Protein chains: 2
Amino acid sequence: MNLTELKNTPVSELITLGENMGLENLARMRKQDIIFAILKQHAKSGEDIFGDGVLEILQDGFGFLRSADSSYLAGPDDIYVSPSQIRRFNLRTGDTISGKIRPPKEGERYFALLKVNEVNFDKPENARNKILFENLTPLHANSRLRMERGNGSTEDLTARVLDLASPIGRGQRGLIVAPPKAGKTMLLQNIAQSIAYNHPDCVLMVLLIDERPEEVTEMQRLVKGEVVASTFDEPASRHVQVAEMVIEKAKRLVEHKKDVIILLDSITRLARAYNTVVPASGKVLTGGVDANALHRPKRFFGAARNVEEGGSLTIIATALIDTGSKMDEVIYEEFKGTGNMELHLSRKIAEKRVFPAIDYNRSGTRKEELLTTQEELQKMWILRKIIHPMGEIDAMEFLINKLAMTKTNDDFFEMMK
Amino acid sequence: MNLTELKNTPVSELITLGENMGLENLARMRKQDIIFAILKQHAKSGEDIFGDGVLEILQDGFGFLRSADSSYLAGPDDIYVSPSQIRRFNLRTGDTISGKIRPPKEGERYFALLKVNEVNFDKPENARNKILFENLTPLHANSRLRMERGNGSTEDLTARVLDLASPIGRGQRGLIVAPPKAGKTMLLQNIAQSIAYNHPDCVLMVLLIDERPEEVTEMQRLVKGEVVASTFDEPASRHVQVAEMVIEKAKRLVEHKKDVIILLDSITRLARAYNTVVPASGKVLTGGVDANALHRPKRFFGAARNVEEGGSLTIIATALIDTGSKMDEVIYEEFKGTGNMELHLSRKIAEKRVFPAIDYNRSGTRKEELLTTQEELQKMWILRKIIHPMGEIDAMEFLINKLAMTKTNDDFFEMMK
Ligand SMILES: Nc1ncnc2c1ncn2[C@@H]1O[C@H](COP(=O)(O)OP(=O)(O)O)[C@@H](O)[C@H]1O
Ligand SMILES: Nc1ncnc2c1ncn2[C@@H]1O[C@H](COP(=O)(O)OP(=O)(O)O)[C@@H](O)[C@H]1O
Ligand code: BEF
Ligand code: BEF
Ligand SMILES: [Mg+2]
Ligand SMILES: [Mg+2]
């Protein structure tokens, strides 16, 4: 008796099971209400019920166990967590809790937690003694997260160009700067697919705030990982809540020496949401940005770091420029002094239908020698010195024509000499 | 005895009928008052009266049935809908209701609804069980909505250029960016005529907010569809109300697997109206735009989506640029990074009296391979690569001179090779 197991079951089988259990007509009923009635009827027989979810401690002291399939939205099937157990096990926002639950009695509206069985997918004896995320020693990117497929596919050209322009390692904090209508969607899809193919052990999390739902359901059915999104039909409060829950879960996972990867596509939208939810202080800067509005996105971005004791946190955010709004322009670069990695995309190259439209000149990675060998770094330096004199479109055409001849970049580097 | 039937009748015949029924002199009376008196006299004999309209639920709990011929304006002949029936049939704003009505008794001012016969042009048993619009899975444009006439007319050149620049499919969410005095009116007229000619099965709705009455009555007598407009003589409150009613009706139609097409021509004017009706919060951004003013137009724009279960919602809004106001430059923009189709028009080409004055270079459609075949996409790519080096005016002249030689674009593509 698990909550996620009943959530994954279809509607027809749940209706059939409820009709066999002998309850009210479930055809004219919601799936969540059907599951609730089935759990009630199964607990009336004396059997136990189990559930799971991410903890969201409220300001009063209690909390609930949000579900991932609903993008951490307030649902009727949330498991109530008393503050006594929180104080007894030192629980915090983001801790994954899995234990026995019971249906609400007369006068209650949510399931109660009796005994916790597993904390953060581990024993509670290992979670009671742990080092906080704020005390971990940061470090630079040491492990190399190669994005090249290696299967010789035609779509691998984007990953090869990305590796030649800006290699990505564990704990990297980069930025994907690109004007609208440049190809950010396809680039993010390719990055997510390459991450899921090359490094399936890492925890991939794609955050899409204030996006077109069709794109949400497309990304959810395309990438092999977790997708937490919030369409534009929701207020900025839900955006802030989702961002906080995601970053808290990422911190709790990193605290257990896990490799978390966050592919953010709405850093600008997140900053707009934070500027909308912040109370007015009577002081407005140039472009309509509050003085204390960028602090929360600043911390959300700076949360990414590489841990020496174990694990890492990678955050790749895509910033929006040339959107016609001065607020986004002020945000983007305020954040430019940030992202230890900038991958610029050119609109002029995208208009020529030359995919990918990557600005190789302005791209780059700091401390790239820690992720590449000596000969590889020398070859990349020679390639950059050869590409720099040529124009952007000409350099892109040259790179595409030279990478189409071979499958691996090593052969291209060997033929360049 | 139908309301719309009496509304379509002329004034002279209604006056004659009222004089034959033996009532007060109807020559010095309004047509609506004449219809009201005729309905009263016909109901005094014991016969039944029927009406219809779009439901507009008020904040208190009751509602009225607005009429389409009055642009959903508050009229004396609105049918009152009690909240009891709303609670009994789960009615919402936008549901088309058609049932028996009765004249108001002593102390009443509006017609009452006794029994509902048809809901959303369908049986109530099919409307009681339905999936909300917020739960439908979005998708990209799959079905091709070809705009080419095919009759070899001289006006078909605009549709041919539009198809070669940006093909339109079901569920598309585009933008027509053009400075003033460019030819937006003729272009919108041609688009509406091509939609009514090629795809007469789709529900066409043209929304004109804050425009001149002459243009309104011109569009109403030119296109073959529904025209809901609101001239500048009305406050922004009526603009917001009309936009809400139109989008709610569109959502209710899409919920019944219908293909709705909305040709918006005032996205900038709608954003200005929303910025005017929003209460001041003491925080003004660059250009005079409120922080929470663009949220409602953002949702109105993002409502457009393609449904996998059935139906679609297409919204083609025309944004205004270079109007001398910085608010529109932020308002029209901020919207640039939202849609997935931009059809730019050049003022320099319009000054040369070269119609249509379309910027073929900056135009385009994302995921265009889902609406065109392989050979068609290759021919469009070759045409774009040939047109790109030439200047805007030169490319437009070349395209016009090459399309004037033949009737179909297939012959042009075959002759280009
Ligand atoms: N690698 C690519 N190959 C082919 N087309 C692409 C590629 N990247 C982008 N595009 C085109 O650009 C359009 C928009 O790209 P997108 O990633 O949505 O840009 P952004 O996210 O910056 O708005 C897509 O619909 C696609 O047709
Ligand atoms: N396809 C066309 N053919 C001929 N003239 C046109 C065409 N499109 C626009 N025009 C001219 O431009 C004028 C204004 O066009 P309009 O569509 O009103 O531009 P906008 O809507 O951008 O203000 C029209 O009065 C018309 O004379
Ligand atoms: F319009 Be893109 F997604 F920035
Ligand atoms: F003056 Be146009 F209608 F933008
Ligand atoms: Mg995008
Ligand atoms: Mg116009």
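Chain by chain, residues are numbered from 1 following the written sequence, and this numbering need not agree with the entry; no residue without coordinates is displayed. To read the labels, note that chains go from A and ligands from 1, taken in the order they are written. Here the displayed chains are drawn from a larger assembly, and the quantities reported describe the displayed chains exclusively. Each side-chain value is derived from all of the structure's non-hydrogen atoms; neither hydrogens nor water enter the calculation.

1. A look at the overall build of chain A
In step 1: Numbering of helices and strands runs from the N terminus, with a helix taken as a DSSP run of H or I at least four residues long and a strand as a DSSP run of E at least two residues long. Tallying secondary structure elements over chain A gives 16 helices and 16 strands in all.
In step 2: In terms of overall size, chain A behaves like a compact globule, its C-alpha atoms giving a radius of gyration of 24 Å where 417 residues would be expected to give roughly 22 Å.
In step 3: Relative to its full complement of 417 residues, chain A shows a buried share of 52%.
In step 4: Working rule for contacts: check all heavy atoms of both residues, and any pair within 4.5 Å makes them a contact. For chain A, long-range pairs separated by at least 24 residues make up 68% of all intrachain contacts whose partners lie at least 6 apart in sequence.
In step 5: As used throughout, the charge tally considers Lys and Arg to be positive and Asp and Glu to be negative, leaving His and the chain termini uncounted. To locate a charge, take NZ of a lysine, CZ of an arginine, CG of an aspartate or CD of a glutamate. A gap of 2 Å separates the mean positions of the 57 positive and 59 negative side-chain charges of chain A. C-alpha atoms define the radius of gyration, and 2.2 Å times the number of residues to the power 0.38 defines the globule rule. Type-normalised accessible area, obtained with a 1.4 Å probe on protein chains alone, sets the label of each residue: buried when under 20%, exposed when over 50%, and partly exposed for intermediate values.

2. Structural notes on the packing of helix α2 (residues 11-21) of chain B against helix α3 (residues 31-44) of chain B
All names here are of chain B.
In step 1: With axes taken as lines fitted to C-alpha atoms, and helix axes fitted only over the stretch in contact, angles between N-to-C directions fall between 0 and 180 degrees. Two elements in contact, α2 and α3, have axes separated by 10 Å at closest approach and are oriented at 35 degrees. Of the two possible hands of crossing, α2 and α3 adopt the one that is left-handed. Residues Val11, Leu14, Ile15, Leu17, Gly18 and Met21 of α2 lie in contact with α3, whose contacting residues are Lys31, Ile34, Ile35, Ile38 and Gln41.
In step 2: Nonpolar residues are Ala, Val, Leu, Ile, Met, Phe, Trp, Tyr, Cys and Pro. Charged residues are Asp, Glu, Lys and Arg, and all others, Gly as well, are polar. A per-class count over the contact of α2 with α3 returns 8 nonpolar, 2 polar and 1 charged. Left-handed describes a crossing whose near helix is turned anticlockwise from the far helix through less than a right angle; right-handed describes the clockwise counterpart.

3. Some thoughts on the pairing of strand β10 (residues 203-211) of chain B
Residues and elements named next belong to chain B.
In step 1: Across the 9 residues that make up β10, a large majority, 7, are buried.
In step 2: At least two DSSP bridges between two strands are needed for those strands to be called paired. When β10 meets strand β12 (residues 259-264), the two strands line up parallel, connected through 5 bridges. Across the sheet, the residue bridging to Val203 is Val260, located in β12.

4. Remarks on the interface of chain A and chain B
In step 1: Facing the 36 residues of chain A at the interface are 42 residues of chain B.
In step 2: By definition, the buried area sums, over both parts, the 1.4 Å-probe accessible area that each loses when the two are put together. Summed over both partners, the interface of chain A with chain B buries about 3300 Å², with 45% contributed by carbon and sulfur atoms.
In step 3: Here, a salt bridge means any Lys or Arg side-chain nitrogen found within 4 Å of an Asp or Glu carboxyl oxygen. On the surface where chain A and chain B come into contact, there are 7 salt bridges.
In step 4: Residues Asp233(A) and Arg305(B) are paired through a salt bridge, measuring 3.2 Å at the closest nitrogen-oxygen approach.

5. Details of the relation of the copies chain A and chain B
The relation between the two copies of this chain is a rotation about an axis and a shift parallel to it.
In step 1: Only the C-alpha atoms of the copies enter the least-squares fit used to superpose them. Between chain A and chain B, which share one sequence, the superposing operator has a rotation angle of 61 degrees and an axial displacement of 0.5 Å; the RMSD is 0.2 Å. Both chain copies can therefore be described as sitting about a six-fold axis.
In step 2: Counting the interface residues of chain A, we find that no more than 8% of their copies in chain B are interface residues as well, pointing to two distinct contact surfaces.

6. Some remarks on the site of ligand 2
Residues and elements named next belong to chain B.
In step 1: One heavy atom within 4 Å of a molecule or strand is enough for the residue carrying it to be called near that molecule or strand. In the neighbourhood of ligand 2, the contacting residues comprise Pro179, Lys181, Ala182, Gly183, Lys184, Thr185, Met186 and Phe355.
In step 2: Between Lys181 and ligand 2, the recorded distance is 3.4 Å, taken from a backbone N or O atom to an oxygen atom.
In step 3: Partitioning the shell around ligand 2 into residue classes produces 4 nonpolar, 2 polar and 2 charged. Definition of a polar contact: a pair of N or O atoms within 3.5 Å, with one able to donate and the other able to accept a hydrogen when the atoms are protein atoms, and with sequence-neighbouring residues admitted only if both atoms are side-chain atoms.

7. Thoughts on helix α10 (residues 267-277) of chain A
In step 1: Most of α10(A) is tucked away: 9 of the 11 residues are buried.
In step 2: For α10(A), the complete set of buried residues consists of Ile267(A), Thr268(A), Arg269(A), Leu270(A), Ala271(A), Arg272(A), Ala273(A), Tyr274(A) and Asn275(A).

8. Digging into a nonpolar patch on the surface
Residues and elements named next belong to chain A.
In step 1: Patch construction takes residues with relative accessible area above 30% that form no salt bridge. Like charges are linked within 9 Å, and nonpolar side chains (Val, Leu, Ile, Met, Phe, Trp, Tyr) are linked within 5 Å. Accessible surface is estimated by sampling points in the Shrake-Rupley manner with a 1.4 Å probe; for residues, cover comes only from the protein chains shown. On the surface, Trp381, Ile382, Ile386 and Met416 cluster together into a nonpolar patch covering about 360 Å² of accessible area.
In step 2: Examining the composition of the nonpolar patch, we find that 3 residues originate from one element, helix α14 (residues 374-387), more than from any other.
In step 3: With respect to the helices and strands, the residue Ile382 is situated in helix α14.
In step 4: For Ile382, a relative accessible area of 34% corresponds to the partly exposed category.

9. A few points about the nonpolar core
All names here are of chain A.
In step 1: Counting residues in each nonpolar core, the largest one holds 43 residues, and the members touching the most others are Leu207, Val246, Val254, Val260, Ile262 and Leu313.
In step 2: Counting only elements with at least two residues in this core, the list comes to β9 (173-178), β10 (203-211), α9 (236-254), β12 (259-264), α10, α11 (295-302), β14 (312-320) and α12 (326-334).
In step 3: Here this core gets 9 residues from one element, more than from any other, and that element is α9.
In step 4: Look past the residues within four positions of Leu207 in its chain and what remains in contact with it is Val228, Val242, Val246, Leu263, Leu264, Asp265, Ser266 and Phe300. Within this scheme, the nonpolar core is defined by two criteria: the residues are buried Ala, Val, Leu, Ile, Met, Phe, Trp, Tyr or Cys, and they are joined through side-chain atoms within 4.5 Å.

10. Observations concerning helix α7 (residues 184-198) of chain A
In step 1: For α7(A), which comprises 15 residues, the first-to-last C-alpha distance of 21 Å matches the rise-based estimate of 21 Å (1.5 Å per residue) to within 8%.
In step 2: Among all positions of α7(A), only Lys184(A), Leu187(A), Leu188(A), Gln189(A), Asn190(A), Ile191(A), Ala192(A), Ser194(A) and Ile195(A) are buried. A helix is expected to span 1.5 Å for every residue after the first.

11. Digging into the sheet that holds strand β5 (residues 111-119) of chain B
All names here are of chain B.
In step 1: Spatially, the 5 strands line up as an open sheet ordered β2-β1-β4-β5-β3, and their pairing is mixed. Strands with a single pairing partner mark the edges of an open sheet, and in this sheet they are β2 (63-66) and β3 (79-80).
In step 2: Looking at chain direction, strand β1 (residues 49-57) and strand β4 (residues 96-102) are connected through 6 bridges and run antiparallel. Within β4, the position partnered with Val54 by the bridge is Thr96.

12. As for the domain arrangement of chain A
Residues and elements named next belong to chain A.
In step 1: Parsing chain A into structural domains produces domain 1 (1-126) and domain 2 (129-417).
In step 2: The distance between the C-alpha centroids of domain 1 and domain 2 comes to 35 Å.
In step 3: In this complex, domain 1 contributes 16 residues to the contact, which on the side of domain 2 involves 16 residues.
In step 4: Looking at the side of domain 1 facing domain 2, the largest losses of area belong to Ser71, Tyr72 and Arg92, adding up to 39% of the total buried there.
In step 5: The interface formed by domain 1 and domain 2 contains 1 salt bridge.
In step 6: For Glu255, the salt bridge identified is with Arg92, shortest N-O distance 3.0 Å.
In step 7: At the surface where domain 1 touches domain 2, the tally comes to 6 residue pairs in polar contact. Domain segmentation is taken from an automatic or database assignment of domains.

13. Looking at the site of ligand 1
In step 1: Surrounding ligand 1, one finds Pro179(A), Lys181(A), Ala182(A), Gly183(A), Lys184(A), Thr185(A), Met186(A), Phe355(A), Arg366(B) and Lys367(B).
In step 2: Residues within reach of ligand 1 are spread across chains A and B.
In step 3: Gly183(A) places a polar main-chain atom, nitrogen or oxygen, 2.4 Å from an oxygen atom of ligand 1.
In step 4: Residue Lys367(B) places a main-chain N or O atom 3.1 Å away from an oxygen atom belonging to ligand 1.
In step 5: Across the complex, the protein chains shield 83% of the 550 Å² of accessible surface that ligand 1 would expose by itself.
In step 6: A class-by-class count of the residues in the shell around ligand 1 yields 4 nonpolar, 2 polar and 4 charged.

14. Here's the deal with the pattern of salt bridges
In step 1: If you walk through the whole model with that rule in mind, you get 52 salt bridges over all chains.
In step 2: Across the pair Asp33(A) and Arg30(A) runs a salt bridge whose closest N-O atoms are separated by 2.6 Å.
In step 3: For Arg299(B), the salt bridge goes to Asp233(A), with nearest N and O atoms at 3.6 Å. In this pair, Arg299(B) sits in helix α11 (residues 295-302) while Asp233(A) sits in the loop between β11 (226-231) and α9, so the two residues belong to two different chains.
In step 4: On the accessibility criterion, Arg299(B) (32% relative accessible area) is partly exposed.
In step 5: Here the salt bridges share partners, and the residues they tie into one network are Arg92(A), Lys130(A), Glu248(A), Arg252(A) and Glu255(A).

15. Things to note about unusual backbone geometry
In step 1: In this structure, the amide linkage connecting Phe355(A) to the following residue, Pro356(A), adopts the cis form with an omega of 0 degrees.
In step 2: Note that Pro356(A) resides in the loop between α13 (347-351) and β16 (364-365).
In step 3: The backbone of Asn120(A) shows a phi angle near 55 degrees, a positive value even though the residue is not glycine.
In step 4: Along the polypeptide, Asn120(A) turns up in the loop between β5 (111-119) and α5 (124-127).
In step 5: One non-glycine residue, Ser71(B), lies in the positive phi region at around 60 degrees.

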